[PDB]
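Participant: here is the sequence, then the experimental structure:
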2 protein chains.
Amino acid sequence: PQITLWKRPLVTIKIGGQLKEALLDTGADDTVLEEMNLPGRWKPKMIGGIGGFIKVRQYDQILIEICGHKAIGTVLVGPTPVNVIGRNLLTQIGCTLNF
Amino acid sequence: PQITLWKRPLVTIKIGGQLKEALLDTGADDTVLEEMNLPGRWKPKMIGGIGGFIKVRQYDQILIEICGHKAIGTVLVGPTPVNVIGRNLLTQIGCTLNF
Ligand SMILES: CCOP(=O)(COc1ccc(C[C@H](NC(=O)O[C@H]2CO[C@H]3OCC[C@H]32)[C@H](O)CN(CC(CC)CC)S(=O)(=O)c2ccc(N)cc2)cc1)OCC
């Protein structure tokens, strides 16, 4: 699809059997979801945003379907203000910026 | 043009007669730029993301040129670790997400 930006670019995602809403975020290197239960091993990690750093759980090689397009990659879970899909997965679904 | 997301979508902008580099950021509601002492009146604002909030100065009806595309709108100035072109100006240059 082609998505304009007059509203937040929110899409439905499927992860770990659950549907969620997430923001397509070209300014995010990484994908960060709010607190949730994900099956799999995880490592503690730190990530930095506009306001400083937070502690997250890093899940690797996680299947996630974004607006009908499948990706398998790293998902960070922690106190992010909103679910964001970052470039690590945006590249997998073939997402580009166009103007 | 079309910008893939393998790397940060950094572009040159022109604002207040100065050239800067900024991210095209679909996750940013509003444009936020590094400290720069623009003339005119402004309004205090707080913007939040990963890690919390920072204090910024809101200027309205500021002209920015983004890869030759002119736009005019709100620009927030403050101690941001990165310059981001947000949706308020990305719409004006006709920028879309596509996959
Ligand atoms: C102290 C740390 O220092 P740094 O490491 C941080 O640098 C940064 C690099 C890019 C960004 C941009 C930010 N990306 C982000 O948070 O991504 C994180 C996960 O992926 C990695 O990749 C980069 C960072 C992490 C979002 O696109 C936009 N945000 C909102 C978004 C939705 C609510 C928040 C999830 S917003 O908060 O910025 C914002 C809020 C209100 C506005 N009107 C305008 C902007 C911010 C900081 O830099 C050192 C020089």
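Facilitator: Thanks, I have it. Numbering: from 1, shown residues only, chains lettered A, B, ... in the order given.
Participant: how about the helices in chain A?
Facilitator: Taking DSSP state H as the criterion, chain A carries its helices at A:87-90.
Participant: got the residues of it near chain B?
Facilitator: A:1-6, A:8-9, A:23-29, A:32, A:47-54, A:67, A:69, A:80-81, A:84, A:87, A:90-91, A:93-99 (CB under 8 Å from any CB of the partner chain). In this view, the C-beta of every residue, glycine as well, is placed from N, C-alpha and C.
Participant: check the residues you listed against the ligand, which are close?
Facilitator: Residues of those in contact with the ligand (CB under 6 Å from any ligand atom): A:23, A:25, A:27-29, A:32, A:47-50, A:52-53, A:80-81, A:84.
Participant: so what's the closest residue to residue A:22 other than its chain neighbours up against?
Facilitator: Nearest residue to residue A:22, sequence neighbours excluded (CB to CB, 6 or more residues apart in numbering or on different chains): residue A:83, at 3.9 Å. Residue A:83 is in contact with A:13, A:20-23, A:32-34, counting by CB atoms under 8 Å, 6 or more residues apart in numbering or on different chains.
Participant: please repeat the previous calculation with a cut-off of 7 Å.
Facilitator: Contacts for residue A:83 (CB atoms under 7 Å, 6 or more residues apart in numbering or on different chains) come out as A:20-23, A:33-34.
Participant: that one and the ligand, how far apart?
Facilitator: According to CB to the nearest ligand atom, to the nearest Å, residue A:83 and the ligand sit 9 Å apart.
Participant: mind checking which of the ones next to the ligand among the residues of chain A next to chain B are buried?
Facilitator: Among these, those buried by neighbour count (16 or more other CB atoms under 10 Å in any protein chain shown) are A:23, A:25, A:27-28, A:32, A:47, A:49-50, A:80-81, A:84.
Participant: my read: residue A:55 touches residue A:78, true?
Facilitator: Yes: using CB atoms under 7 Å, residue A:55 is in contact with residue A:78, at 6.2 Å.
Participant: higher neighbour count, these two?
Facilitator: Per other CB atoms under 10 Å in any protein chain shown, whichever of residue A:55 and residue A:78 has more neighbours is residue A:78, with 19 against 11.
Participant: near residue A:16, how many other residues are there?
Facilitator: For residue A:16, the neighbour count with other CB under 10 Å is 16.
Participant: look up how far chain B lies from the residue nearest to it when sequence neighbours are not counted.
Facilitator: Nearest residue to residue A:16, sequence neighbours excluded (CB to CB, 6+ apart): residue A:38, at 5.2 Å. Distance, residue A:38 to chain B, using CB to the nearest CB, to the nearest Å: 19 Å.
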